[PDB]
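Asker: Okay, so here is query.txt, and as you'll see once you scroll down, it has compact mmCIF, N, CA and C atoms.
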# COMPACT_ATOMS: atom_id res chain seq x y z
N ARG A 1 57.14 -172.22 -12.67
CA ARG A 1 57.08 -170.78 -12.86
C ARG A 1 56.98 -170.07 -11.52
N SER A 2 57.75 -168.99 -11.36
CA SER A 2 57.75 -168.24 -10.11
C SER A 2 56.91 -166.99 -10.22
N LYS A 3 56.52 -166.46 -9.07
CA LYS A 3 55.84 -165.18 -9.01
C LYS A 3 56.66 -164.13 -9.77
N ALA A 4 57.98 -164.23 -9.67
CA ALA A 4 58.88 -163.26 -10.31
C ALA A 4 58.84 -163.33 -11.84
N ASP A 5 58.79 -164.54 -12.39
CA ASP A 5 58.62 -164.73 -13.83
C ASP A 5 57.37 -164.01 -14.35
N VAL A 6 56.27 -164.11 -13.62
CA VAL A 6 55.02 -163.50 -14.08
C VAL A 6 55.13 -161.99 -13.95
N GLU A 7 55.74 -161.55 -12.86
CA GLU A 7 55.94 -160.12 -12.62
C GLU A 7 56.74 -159.48 -13.76
N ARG A 8 57.73 -160.21 -14.27
CA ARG A 8 58.57 -159.73 -15.37
C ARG A 8 57.72 -159.49 -16.62
N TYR A 9 56.76 -160.37 -16.88
CA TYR A 9 55.91 -160.24 -18.06
C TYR A 9 54.95 -159.06 -17.88
N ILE A 10 54.37 -158.94 -16.70
CA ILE A 10 53.51 -157.81 -16.39
C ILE A 10 54.28 -156.49 -16.60
N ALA A 11 55.54 -156.45 -16.17
CA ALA A 11 56.38 -155.28 -16.37
C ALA A 11 56.61 -154.98 -17.85
N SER A 12 56.81 -156.02 -18.66
CA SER A 12 56.96 -155.81 -20.10
C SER A 12 55.70 -155.23 -20.73
N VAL A 13 54.53 -155.69 -20.29
CA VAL A 13 53.29 -155.14 -20.82
C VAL A 13 53.18 -153.66 -20.43
N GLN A 14 53.52 -153.34 -19.18
CA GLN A 14 53.45 -151.97 -18.70
C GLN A 14 54.32 -151.04 -19.53
N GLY A 15 55.44 -151.56 -20.02
CA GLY A 15 56.41 -150.76 -20.74
C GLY A 15 56.08 -150.52 -22.20
N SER A 16 55.19 -151.31 -22.78
CA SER A 16 54.92 -151.20 -24.21
C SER A 16 53.47 -150.93 -24.58
N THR A 17 52.54 -151.39 -23.75
CA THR A 17 51.12 -151.10 -23.96
C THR A 17 50.52 -150.73 -22.60
N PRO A 18 50.76 -149.49 -22.16
CA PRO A 18 50.51 -149.07 -20.78
C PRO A 18 49.10 -148.59 -20.46
N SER A 19 48.20 -148.50 -21.44
CA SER A 19 46.88 -147.94 -21.15
C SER A 19 46.06 -148.92 -20.31
N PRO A 20 45.03 -148.41 -19.61
CA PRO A 20 44.23 -149.29 -18.76
C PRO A 20 43.60 -150.44 -19.55
N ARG A 21 42.93 -150.14 -20.66
CA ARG A 21 42.29 -151.21 -21.42
C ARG A 21 43.34 -152.18 -21.96
N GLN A 22 44.47 -151.67 -22.45
CA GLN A 22 45.50 -152.55 -23.00
C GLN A 22 46.01 -153.55 -21.98
N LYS A 23 46.22 -153.07 -20.76
CA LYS A 23 46.66 -153.95 -19.67
C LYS A 23 45.58 -154.97 -19.32
N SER A 24 44.35 -154.51 -19.24
CA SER A 24 43.24 -155.40 -18.92
C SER A 24 43.07 -156.46 -20.00
N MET A 25 43.33 -156.10 -21.26
CA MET A 25 43.24 -157.06 -22.35
C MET A 25 44.26 -158.19 -22.20
N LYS A 26 45.27 -158.00 -21.33
CA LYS A 26 46.28 -159.04 -21.05
C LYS A 26 45.99 -159.86 -19.77
N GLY A 27 44.89 -159.58 -19.10
CA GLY A 27 44.61 -160.21 -17.82
C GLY A 27 44.39 -161.72 -17.82
N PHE A 28 43.88 -162.27 -18.92
CA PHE A 28 43.70 -163.71 -19.03
C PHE A 28 45.11 -164.35 -19.09
N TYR A 29 46.04 -163.73 -19.81
CA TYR A 29 47.38 -164.27 -19.85
C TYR A 29 48.00 -164.23 -18.44
N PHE A 30 47.87 -163.09 -17.77
CA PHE A 30 48.42 -162.94 -16.44
C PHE A 30 47.81 -164.01 -15.52
N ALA A 31 46.51 -164.22 -15.62
CA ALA A 31 45.87 -165.19 -14.75
C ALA A 31 46.36 -166.62 -15.00
N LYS A 32 46.49 -167.00 -16.26
CA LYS A 32 46.95 -168.35 -16.55
C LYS A 32 48.36 -168.54 -16.06
N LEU A 33 49.19 -167.51 -16.19
CA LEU A 33 50.59 -167.63 -15.79
C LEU A 33 50.68 -167.73 -14.27
N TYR A 34 49.87 -166.96 -13.56
CA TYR A 34 49.87 -167.07 -12.11
C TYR A 34 49.35 -168.45 -11.70
N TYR A 35 48.38 -168.98 -12.44
CA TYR A 35 47.88 -170.32 -12.17
C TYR A 35 48.99 -171.36 -12.32
N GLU A 36 49.82 -171.20 -13.35
CA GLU A 36 51.00 -172.05 -13.53
C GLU A 36 51.94 -171.95 -12.33
N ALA A 37 52.13 -170.75 -11.80
CA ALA A 37 52.99 -170.58 -10.63
C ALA A 37 52.39 -171.18 -9.35
N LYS A 38 51.20 -171.78 -9.47
CA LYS A 38 50.42 -172.24 -8.31
C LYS A 38 50.19 -171.12 -7.30
N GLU A 39 50.04 -169.91 -7.81
CA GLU A 39 49.66 -168.77 -6.99
C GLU A 39 48.17 -168.56 -7.21
N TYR A 40 47.36 -169.34 -6.50
CA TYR A 40 45.94 -169.42 -6.80
C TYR A 40 45.18 -168.17 -6.41
N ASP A 41 45.57 -167.56 -5.30
CA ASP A 41 44.94 -166.32 -4.89
C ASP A 41 45.22 -165.21 -5.90
N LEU A 42 46.43 -165.20 -6.47
CA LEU A 42 46.78 -164.19 -7.47
C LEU A 42 46.13 -164.51 -8.82
N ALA A 43 45.99 -165.79 -9.14
CA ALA A 43 45.30 -166.16 -10.37
C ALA A 43 43.86 -165.64 -10.33
N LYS A 44 43.22 -165.77 -9.18
CA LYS A 44 41.85 -165.30 -9.03
C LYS A 44 41.80 -163.78 -9.17
N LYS A 45 42.71 -163.10 -8.49
CA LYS A 45 42.78 -161.65 -8.56
C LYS A 45 42.82 -161.18 -10.02
N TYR A 46 43.70 -161.77 -10.82
CA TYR A 46 43.89 -161.28 -12.18
C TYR A 46 42.83 -161.71 -13.19
N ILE A 47 42.24 -162.89 -13.03
CA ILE A 47 41.18 -163.24 -13.96
C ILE A 47 39.99 -162.32 -13.69
N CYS A 48 39.83 -161.90 -12.44
CA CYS A 48 38.77 -160.96 -12.11
C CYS A 48 39.01 -159.61 -12.81
N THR A 49 40.27 -159.18 -12.91
CA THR A 49 40.56 -157.92 -13.61
C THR A 49 40.21 -158.01 -15.09
N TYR A 50 40.34 -159.20 -15.67
CA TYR A 50 40.08 -159.37 -17.10
C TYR A 50 38.59 -159.47 -17.38
N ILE A 51 37.87 -160.15 -16.49
CA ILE A 51 36.42 -160.25 -16.60
C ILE A 51 35.79 -158.86 -16.51
N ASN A 52 36.36 -157.98 -15.69
CA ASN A 52 35.95 -156.57 -15.66
C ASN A 52 35.76 -155.98 -17.06
N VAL A 53 36.75 -156.16 -17.94
CA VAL A 53 36.76 -155.48 -19.23
C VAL A 53 36.35 -156.37 -20.41
N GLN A 54 36.18 -157.66 -20.16
CA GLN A 54 35.76 -158.60 -21.19
C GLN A 54 34.72 -159.55 -20.59
N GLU A 55 33.62 -158.97 -20.12
CA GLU A 55 32.62 -159.72 -19.37
C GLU A 55 31.93 -160.84 -20.17
N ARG A 56 32.00 -160.79 -21.50
CA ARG A 56 31.30 -161.80 -22.31
C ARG A 56 32.20 -162.93 -22.82
N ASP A 57 33.43 -163.00 -22.32
CA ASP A 57 34.33 -164.09 -22.67
C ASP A 57 33.96 -165.36 -21.90
N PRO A 58 33.35 -166.33 -22.57
CA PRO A 58 33.02 -167.54 -21.82
C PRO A 58 34.25 -168.26 -21.31
N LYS A 59 35.37 -168.21 -22.03
CA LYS A 59 36.52 -168.93 -21.50
C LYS A 59 37.02 -168.32 -20.20
N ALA A 60 36.89 -167.01 -20.05
CA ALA A 60 37.35 -166.36 -18.85
C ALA A 60 36.45 -166.72 -17.67
N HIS A 61 35.13 -166.77 -17.85
CA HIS A 61 34.27 -167.22 -16.75
C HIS A 61 34.47 -168.67 -16.43
N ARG A 62 34.76 -169.47 -17.44
CA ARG A 62 35.05 -170.86 -17.14
C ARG A 62 36.32 -171.01 -16.32
N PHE A 63 37.35 -170.24 -16.66
CA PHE A 63 38.60 -170.33 -15.92
C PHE A 63 38.42 -169.84 -14.48
N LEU A 64 37.69 -168.74 -14.29
CA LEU A 64 37.41 -168.30 -12.93
C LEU A 64 36.61 -169.38 -12.17
N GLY A 65 35.69 -170.04 -12.86
CA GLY A 65 34.95 -171.15 -12.26
C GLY A 65 35.87 -172.28 -11.81
N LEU A 66 36.86 -172.58 -12.63
CA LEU A 66 37.85 -173.59 -12.30
C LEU A 66 38.60 -173.23 -11.02
N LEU A 67 38.98 -171.97 -10.88
CA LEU A 67 39.69 -171.52 -9.69
C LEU A 67 38.81 -171.69 -8.45
N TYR A 68 37.54 -171.32 -8.55
CA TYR A 68 36.64 -171.49 -7.42
C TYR A 68 36.39 -172.97 -7.10
N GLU A 69 36.28 -173.80 -8.14
CA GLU A 69 36.09 -175.23 -7.93
C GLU A 69 37.28 -175.80 -7.14
N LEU A 70 38.48 -175.32 -7.45
CA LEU A 70 39.68 -175.76 -6.74
C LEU A 70 39.63 -175.40 -5.25
N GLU A 71 38.94 -174.32 -4.92
CA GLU A 71 38.73 -173.91 -3.53
C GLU A 71 37.52 -174.55 -2.88
N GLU A 72 36.84 -175.41 -3.63
CA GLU A 72 35.57 -175.98 -3.21
C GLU A 72 34.59 -174.87 -2.82
N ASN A 73 34.63 -173.76 -3.55
CA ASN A 73 33.61 -172.71 -3.45
C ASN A 73 32.50 -173.01 -4.45
N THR A 74 31.55 -173.82 -4.02
CA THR A 74 30.51 -174.32 -4.90
C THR A 74 29.69 -173.19 -5.52
N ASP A 75 29.23 -172.25 -4.70
CA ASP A 75 28.34 -171.21 -5.21
C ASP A 75 29.02 -170.35 -6.28
N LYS A 76 30.26 -169.95 -6.04
CA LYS A 76 30.97 -169.11 -7.00
C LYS A 76 31.33 -169.87 -8.27
N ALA A 77 31.78 -171.12 -8.13
CA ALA A 77 32.08 -171.94 -9.29
C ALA A 77 30.83 -172.10 -10.16
N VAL A 78 29.70 -172.40 -9.54
CA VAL A 78 28.47 -172.62 -10.29
C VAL A 78 28.04 -171.36 -11.02
N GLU A 79 28.13 -170.22 -10.35
CA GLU A 79 27.79 -168.95 -10.97
C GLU A 79 28.67 -168.68 -12.20
N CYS A 80 29.96 -168.93 -12.08
CA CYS A 80 30.87 -168.71 -13.20
C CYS A 80 30.60 -169.67 -14.35
N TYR A 81 30.40 -170.95 -14.03
CA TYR A 81 30.13 -171.93 -15.07
C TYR A 81 28.79 -171.63 -15.75
N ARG A 82 27.81 -171.22 -14.96
CA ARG A 82 26.51 -170.84 -15.52
C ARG A 82 26.64 -169.69 -16.50
N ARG A 83 27.44 -168.69 -16.16
CA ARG A 83 27.62 -167.58 -17.08
C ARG A 83 28.33 -168.03 -18.35
N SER A 84 29.33 -168.90 -18.19
CA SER A 84 30.05 -169.42 -19.35
C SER A 84 29.11 -170.18 -20.30
N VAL A 85 28.22 -171.00 -19.74
CA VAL A 85 27.25 -171.72 -20.55
C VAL A 85 26.26 -170.79 -21.25
N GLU A 86 25.81 -169.75 -20.57
CA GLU A 86 24.91 -168.78 -21.18
C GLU A 86 25.58 -168.13 -22.39
N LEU A 87 26.86 -167.81 -22.26
CA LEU A 87 27.60 -167.16 -23.34
C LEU A 87 27.94 -168.12 -24.47
N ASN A 88 28.23 -169.37 -24.13
CA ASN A 88 28.52 -170.39 -25.14
C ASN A 88 27.84 -171.70 -24.76
N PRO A 89 26.57 -171.87 -25.16
CA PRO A 89 25.84 -173.05 -24.69
C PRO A 89 26.24 -174.38 -25.35
N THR A 90 27.19 -174.37 -26.27
CA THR A 90 27.71 -175.64 -26.78
C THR A 90 28.49 -176.40 -25.71
N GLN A 91 28.78 -175.75 -24.59
CA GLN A 91 29.53 -176.38 -23.51
C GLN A 91 28.62 -177.26 -22.65
N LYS A 92 28.15 -178.36 -23.23
CA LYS A 92 27.33 -179.31 -22.50
C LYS A 92 28.06 -179.84 -21.28
N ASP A 93 29.38 -179.98 -21.41
CA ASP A 93 30.18 -180.47 -20.30
C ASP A 93 29.99 -179.66 -19.02
N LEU A 94 29.83 -178.36 -19.14
CA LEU A 94 29.66 -177.53 -17.95
C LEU A 94 28.32 -177.75 -17.27
N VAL A 95 27.31 -178.15 -18.03
CA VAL A 95 26.02 -178.41 -17.41
C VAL A 95 26.13 -179.64 -16.50
N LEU A 96 26.81 -180.68 -16.98
CA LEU A 96 27.06 -181.84 -16.15
C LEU A 96 27.95 -181.48 -14.96
N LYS A 97 28.97 -180.65 -15.19
CA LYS A 97 29.83 -180.25 -14.09
C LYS A 97 29.06 -179.51 -13.00
N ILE A 98 28.17 -178.61 -13.38
CA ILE A 98 27.39 -177.89 -12.38
C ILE A 98 26.56 -178.87 -11.56
N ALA A 99 25.89 -179.80 -12.23
CA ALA A 99 25.12 -180.81 -11.53
C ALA A 99 25.98 -181.62 -10.54
N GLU A 100 27.15 -182.05 -10.99
CA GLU A 100 28.05 -182.81 -10.13
C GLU A 100 28.50 -182.03 -8.90
N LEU A 101 28.84 -180.76 -9.08
CA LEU A 101 29.30 -179.94 -7.95
C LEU A 101 28.21 -179.74 -6.91
N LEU A 102 27.00 -179.48 -7.37
CA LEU A 102 25.89 -179.22 -6.47
C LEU A 102 25.54 -180.47 -5.67
N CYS A 103 25.56 -181.62 -6.35
CA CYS A 103 25.28 -182.88 -5.68
C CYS A 103 26.34 -183.23 -4.65
N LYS A 104 27.60 -182.93 -4.95
CA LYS A 104 28.68 -183.25 -4.02
C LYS A 104 28.54 -182.38 -2.78
N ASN A 105 28.11 -181.14 -2.98
CA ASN A 105 28.02 -180.18 -1.89
C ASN A 105 26.81 -180.41 -0.99
N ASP A 106 25.61 -180.39 -1.57
CA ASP A 106 24.39 -180.58 -0.78
C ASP A 106 23.29 -181.29 -1.57
N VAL A 107 23.28 -182.62 -1.52
CA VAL A 107 22.23 -183.42 -2.16
C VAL A 107 20.89 -182.73 -2.02
N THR A 108 20.53 -182.46 -0.77
CA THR A 108 19.30 -181.77 -0.48
C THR A 108 19.53 -180.33 -0.83
N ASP A 109 19.45 -180.03 -2.11
CA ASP A 109 19.35 -178.66 -2.56
C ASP A 109 18.49 -178.66 -3.80
N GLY A 110 17.56 -177.72 -3.85
CA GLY A 110 16.64 -177.64 -4.96
C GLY A 110 17.46 -177.45 -6.22
N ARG A 111 18.62 -176.81 -6.08
CA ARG A 111 19.45 -176.50 -7.23
C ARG A 111 20.03 -177.75 -7.86
N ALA A 112 20.40 -178.72 -7.03
CA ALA A 112 21.03 -179.94 -7.52
C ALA A 112 20.08 -180.67 -8.48
N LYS A 113 18.81 -180.79 -8.10
CA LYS A 113 17.85 -181.46 -8.95
C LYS A 113 17.57 -180.70 -10.25
N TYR A 114 17.50 -179.38 -10.17
CA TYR A 114 17.29 -178.54 -11.36
C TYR A 114 18.40 -178.74 -12.40
N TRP A 115 19.65 -178.68 -11.97
CA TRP A 115 20.76 -178.87 -12.89
C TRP A 115 20.91 -180.31 -13.36
N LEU A 116 20.61 -181.26 -12.48
CA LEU A 116 20.70 -182.65 -12.86
C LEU A 116 19.74 -182.91 -14.02
N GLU A 117 18.54 -182.36 -13.93
CA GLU A 117 17.58 -182.54 -15.01
C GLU A 117 17.99 -181.85 -16.31
N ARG A 118 18.62 -180.69 -16.21
CA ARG A 118 19.17 -180.05 -17.40
C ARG A 118 20.27 -180.93 -18.01
N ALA A 119 21.14 -181.48 -17.17
CA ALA A 119 22.23 -182.31 -17.66
C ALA A 119 21.71 -183.61 -18.29
N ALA A 120 20.65 -184.18 -17.71
CA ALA A 120 20.10 -185.43 -18.22
C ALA A 120 19.63 -185.31 -19.67
N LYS A 121 19.08 -184.15 -20.04
CA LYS A 121 18.66 -183.93 -21.42
C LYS A 121 19.84 -183.99 -22.37
N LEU A 122 20.98 -183.48 -21.91
CA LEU A 122 22.15 -183.31 -22.76
C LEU A 122 23.00 -184.57 -22.82
N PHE A 123 22.80 -185.46 -21.86
CA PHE A 123 23.57 -186.69 -21.79
C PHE A 123 22.63 -187.88 -21.60
N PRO A 124 21.83 -188.19 -22.63
CA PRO A 124 20.90 -189.33 -22.58
C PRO A 124 21.61 -190.64 -22.28
N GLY A 125 21.07 -191.41 -21.33
CA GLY A 125 21.62 -192.71 -21.02
C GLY A 125 22.95 -192.70 -20.29
N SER A 126 23.41 -191.52 -19.87
CA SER A 126 24.70 -191.43 -19.20
C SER A 126 24.68 -192.04 -17.80
N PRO A 127 25.58 -192.99 -17.53
CA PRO A 127 25.67 -193.52 -16.16
C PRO A 127 26.10 -192.46 -15.13
N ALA A 128 26.80 -191.41 -15.56
CA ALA A 128 27.12 -190.31 -14.65
C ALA A 128 25.83 -189.66 -14.15
N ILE A 129 24.90 -189.43 -15.07
CA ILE A 129 23.59 -188.89 -14.72
C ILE A 129 22.84 -189.84 -13.79
N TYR A 130 22.82 -191.13 -14.12
CA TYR A 130 22.03 -192.09 -13.34
C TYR A 130 22.53 -192.19 -11.90
N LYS A 131 23.84 -192.03 -11.70
CA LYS A 131 24.44 -192.08 -10.37
C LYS A 131 24.02 -190.89 -9.51
N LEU A 132 24.05 -189.70 -10.09
CA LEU A 132 23.60 -188.52 -9.36
C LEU A 132 22.13 -188.66 -9.00
N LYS A 133 21.34 -189.25 -9.90
CA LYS A 133 19.91 -189.37 -9.66
C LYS A 133 19.67 -190.35 -8.53
N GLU A 134 20.48 -191.41 -8.46
CA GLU A 134 20.38 -192.34 -7.35
C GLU A 134 20.63 -191.63 -6.03
N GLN A 135 21.64 -190.77 -6.02
CA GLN A 135 21.98 -190.00 -4.82
C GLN A 135 20.80 -189.12 -4.40
N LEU A 136 20.17 -188.47 -5.36
CA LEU A 136 19.05 -187.58 -5.06
C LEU A 136 17.85 -188.38 -4.57
N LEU A 137 17.61 -189.53 -5.19
CA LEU A 137 16.50 -190.37 -4.76
C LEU A 137 16.71 -190.86 -3.33
N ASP A 138 17.96 -191.17 -2.97
CA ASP A 138 18.27 -191.66 -1.63
C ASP A 138 17.88 -190.65 -0.56
N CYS A 139 18.02 -189.37 -0.86
CA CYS A 139 17.79 -188.33 0.15
C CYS A 139 16.41 -187.69 0.06
N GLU A 140 15.61 -188.10 -0.92
CA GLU A 140 14.23 -187.63 -1.01
C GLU A 140 13.48 -187.88 0.29
N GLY A 141 12.57 -186.98 0.63
CA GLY A 141 11.69 -187.18 1.77
C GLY A 141 10.54 -188.10 1.41
N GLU A 142 9.84 -188.58 2.43
CA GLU A 142 8.72 -189.50 2.25
C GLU A 142 7.41 -188.75 2.34
N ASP A 143 6.42 -189.18 1.56
CA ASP A 143 5.11 -188.55 1.61
C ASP A 143 4.44 -188.82 2.95
Could you render the structure from this file as C-alpha cells?
Answerer:
Amino acid sequence: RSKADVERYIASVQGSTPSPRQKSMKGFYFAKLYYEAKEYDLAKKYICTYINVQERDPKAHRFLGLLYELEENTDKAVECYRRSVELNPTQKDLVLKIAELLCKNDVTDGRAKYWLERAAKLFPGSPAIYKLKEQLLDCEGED
C-alpha cells in the first residue's frame, strides 16, 4: 500500500462525511492503512487524531502502544498499554507485555518489578514470568 492509496481514501471520506467528528471517527482506519503502507510516522499522527475524539477505545490505545513499541519508546508504549488495560482489563496479555518491555529497557527500574508482580498473578507458573524474575534478582543490590 502506498501513501497515495491512503490519501485517496481520506479524500473519499472528506467528500461524503466532511464534519470534524465524522472525519475523526475514521482515524483508526486511516492509522491502520498508513501502518500497512509502512508509514510509521504517519500512522502515529493519525491514531493520535482518533484518540482525541475516542479516548476510551482500548483498541486504539493498544495500537498506539504498538507503534511506540516499534520505535522502542518504552515510556510511551507502556503508558498506552496501561490505558488500554484500564479500559479493558481482560487483556492480561498487555500486563505481561508491559513487564517485558520495562525489563528489556531498564532492569533496575522500580517500575519493572511492579509490573512483573502484576503479571505474575495473571500468569501463574509461567516460565516467561520466572525468566524476568531471574533477571531482576540478578541485578538486585546487596544488603
Asker: Just how far from CA of residue 1 in chain A is CA of residue 35 in chain A, in Å to one decimal?
Answerer: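 About the pair CA of residue 35 in chain A and CA of residue 1 in chain A: they are 9.2 Å apart.
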Asker: Tell me, as a ChimeraX atom specification, which residues lie within 6 Å of range 49-52 of chain A, counting all atoms listed in the file; anything in the same chain fewer than 4 positions away does not count.
Answerer: /A:24,27-28,45
Asker: Measuring atom to atom with only C-alpha atoms, identify which of A:34, A:63, A:123, A:130 is nearest to residue 77 in chain A.
Answerer: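 Looking only at the distances to residue 77 in chain A, the closest residue turns out to be A:63.
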Asker: Check chain A with DSSP on the backbone and list each residue it calls helix (DSSP H, G or I), as an NGL selection string.
Answerer: :A and (3-16 or 20-24 or 27-36 or 40-53 or 58-70 or 74-87 or 92-105 or 110-122 or 127-139)
Asker: Between A:32, A:59, A:42, A:107, which residue has the minimum interatomic distance to residue 139 in chain A, considering all atoms listed in the file?
Answerer: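 Using all atoms listed in the file, the shortest distance to residue 139 in chain A belongs to A:107.
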Asker: Please write range 53-132 of chain A of the preceding block to a file containing C-alpha atoms, as a PDB file, in the first residue's frame?
Answerer:
ATOM      1  CA  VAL A  53     -12.205  12.010  19.863  1.00  0.00           C
ATOM      2  CA  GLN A  54     -12.488   8.419  21.113  1.00  0.00           C
ATOM      3  CA  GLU A  55     -10.287   8.464  24.203  1.00  0.00           C
ATOM      4  CA  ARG A  56     -11.913   5.363  25.771  1.00  0.00           C
ATOM      5  CA  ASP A  57     -11.248   2.964  22.879  1.00  0.00           C
ATOM      6  CA  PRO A  58      -8.877   0.386  24.304  1.00  0.00           C
ATOM      7  CA  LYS A  59      -8.040  -0.934  20.870  1.00  0.00           C
ATOM      8  CA  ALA A  60      -6.878   2.495  19.776  1.00  0.00           C
ATOM      9  CA  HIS A  61      -4.551   2.900  22.785  1.00  0.00           C
ATOM     10  CA  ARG A  62      -3.242  -0.560  22.205  1.00  0.00           C
ATOM     11  CA  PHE A  63      -2.491   0.234  18.576  1.00  0.00           C
ATOM     12  CA  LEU A  64      -0.735   3.475  19.511  1.00  0.00           C
ATOM     13  CA  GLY A  65       1.221   1.417  22.067  1.00  0.00           C
ATOM     14  CA  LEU A  66       2.243  -0.958  19.288  1.00  0.00           C
ATOM     15  CA  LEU A  67       3.562   1.950  17.223  1.00  0.00           C
ATOM     16  CA  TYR A  68       5.640   3.218  20.148  1.00  0.00           C
ATOM     17  CA  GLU A  69       6.916  -0.295  20.898  1.00  0.00           C
ATOM     18  CA  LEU A  70       8.130  -0.457  17.281  1.00  0.00           C
ATOM     19  CA  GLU A  71      10.153   2.713  17.977  1.00  0.00           C
ATOM     20  CA  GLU A  72      11.463   1.227  21.214  1.00  0.00           C
ATOM     21  CA  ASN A  73       9.794   4.146  23.019  1.00  0.00           C
ATOM     22  CA  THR A  74       9.320   2.263  26.264  1.00  0.00           C
ATOM     23  CA  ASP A  75       7.665   5.028  28.296  1.00  0.00           C
ATOM     24  CA  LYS A  76       5.050   5.897  25.670  1.00  0.00           C
ATOM     25  CA  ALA A  77       4.288   2.267  24.815  1.00  0.00           C
ATOM     26  CA  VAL A  78       3.805   1.445  28.495  1.00  0.00           C
ATOM     27  CA  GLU A  79       1.530   4.435  29.030  1.00  0.00           C
ATOM     28  CA  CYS A  80      -0.630   3.427  26.061  1.00  0.00           C
ATOM     29  CA  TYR A  81      -0.805  -0.233  27.053  1.00  0.00           C
ATOM     30  CA  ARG A  82      -1.612   0.763  30.632  1.00  0.00           C
ATOM     31  CA  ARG A  83      -4.522   2.876  29.457  1.00  0.00           C
ATOM     32  CA  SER A  84      -5.750   0.047  27.233  1.00  0.00           C
ATOM     33  CA  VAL A  85      -5.693  -2.361  30.203  1.00  0.00           C
ATOM     34  CA  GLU A  86      -7.546   0.112  32.420  1.00  0.00           C
ATOM     35  CA  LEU A  87     -10.270   0.382  29.772  1.00  0.00           C
ATOM     36  CA  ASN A  88     -10.410  -3.361  29.109  1.00  0.00           C
ATOM     37  CA  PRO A  89      -8.724  -5.342  31.886  1.00  0.00           C
ATOM     38  CA  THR A  90      -9.436  -8.713  30.255  1.00  0.00           C
ATOM     39  CA  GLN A  91      -6.235  -8.000  28.307  1.00  0.00           C
ATOM     40  CA  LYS A  92      -3.946  -9.989  30.590  1.00  0.00           C
ATOM     41  CA  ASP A  93      -1.521 -10.207  27.685  1.00  0.00           C
ATOM     42  CA  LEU A  94      -0.770  -6.489  27.942  1.00  0.00           C
ATOM     43  CA  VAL A  95       0.195  -6.774  31.590  1.00  0.00           C
ATOM     44  CA  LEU A  96       2.865  -9.317  30.650  1.00  0.00           C
ATOM     45  CA  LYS A  97       3.896  -7.145  27.705  1.00  0.00           C
ATOM     46  CA  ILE A  98       4.392  -4.109  29.938  1.00  0.00           C
ATOM     47  CA  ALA A  99       6.545  -6.157  32.301  1.00  0.00           C
ATOM     48  CA  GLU A 100       8.634  -7.494  29.402  1.00  0.00           C
ATOM     49  CA  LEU A 101       9.222  -4.035  27.908  1.00  0.00           C
ATOM     50  CA  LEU A 102      10.290  -2.487  31.198  1.00  0.00           C
ATOM     51  CA  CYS A 103      12.685  -5.334  31.940  1.00  0.00           C
ATOM     52  CA  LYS A 104      14.242  -5.127  28.483  1.00  0.00           C
ATOM     53  CA  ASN A 105      14.747  -1.389  28.877  1.00  0.00           C
ATOM     54  CA  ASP A 106      15.997  -0.998  32.461  1.00  0.00           C
ATOM     55  CA  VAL A 107      16.123  -3.999  34.829  1.00  0.00           C
ATOM     56  CA  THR A 108      16.930  -1.576  37.585  1.00  0.00           C
ATOM     57  CA  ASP A 109      13.655   0.226  37.486  1.00  0.00           C
ATOM     58  CA  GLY A 110      11.119   0.220  40.263  1.00  0.00           C
ATOM     59  CA  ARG A 111       8.513   0.003  37.529  1.00  0.00           C
ATOM     60  CA  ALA A 112       9.794  -3.281  36.132  1.00  0.00           C
ATOM     61  CA  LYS A 113       9.302  -5.075  39.454  1.00  0.00           C
ATOM     62  CA  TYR A 114       5.837  -3.546  39.987  1.00  0.00           C
ATOM     63  CA  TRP A 115       4.543  -4.768  36.629  1.00  0.00           C
ATOM     64  CA  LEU A 116       6.307  -8.108  36.863  1.00  0.00           C
ATOM     65  CA  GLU A 117       4.423  -8.786  40.086  1.00  0.00           C
ATOM     66  CA  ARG A 118       1.122  -7.775  38.496  1.00  0.00           C
ATOM     67  CA  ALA A 119       1.855 -10.096  35.571  1.00  0.00           C
ATOM     68  CA  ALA A 120       2.842 -12.980  37.870  1.00  0.00           C
ATOM     69  CA  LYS A 121      -0.657 -13.013  39.408  1.00  0.00           C
ATOM     70  CA  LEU A 122      -2.214 -13.312  35.963  1.00  0.00           C
ATOM     71  CA  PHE A 123       0.168 -15.961  34.663  1.00  0.00           C
ATOM     72  CA  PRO A 124       0.743 -18.480  37.487  1.00  0.00           C
ATOM     73  CA  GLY A 125       3.667 -20.816  36.859  1.00  0.00           C
ATOM     74  CA  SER A 126       4.619 -19.059  33.626  1.00  0.00           C
ATOM     75  CA  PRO A 127       8.251 -19.586  32.600  1.00  0.00           C
ATOM     76  CA  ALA A 128       8.089 -16.142  30.928  1.00  0.00           C
ATOM     77  CA  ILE A 129       7.454 -14.680  34.381  1.00  0.00           C
ATOM     78  CA  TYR A 130      10.185 -16.783  36.019  1.00  0.00           C
ATOM     79  CA  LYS A 131      12.765 -15.584  33.468  1.00  0.00           C
ATOM     80  CA  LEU A 132      12.042 -11.908  34.076  1.00  0.00           C
TER      81      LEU A 132
END
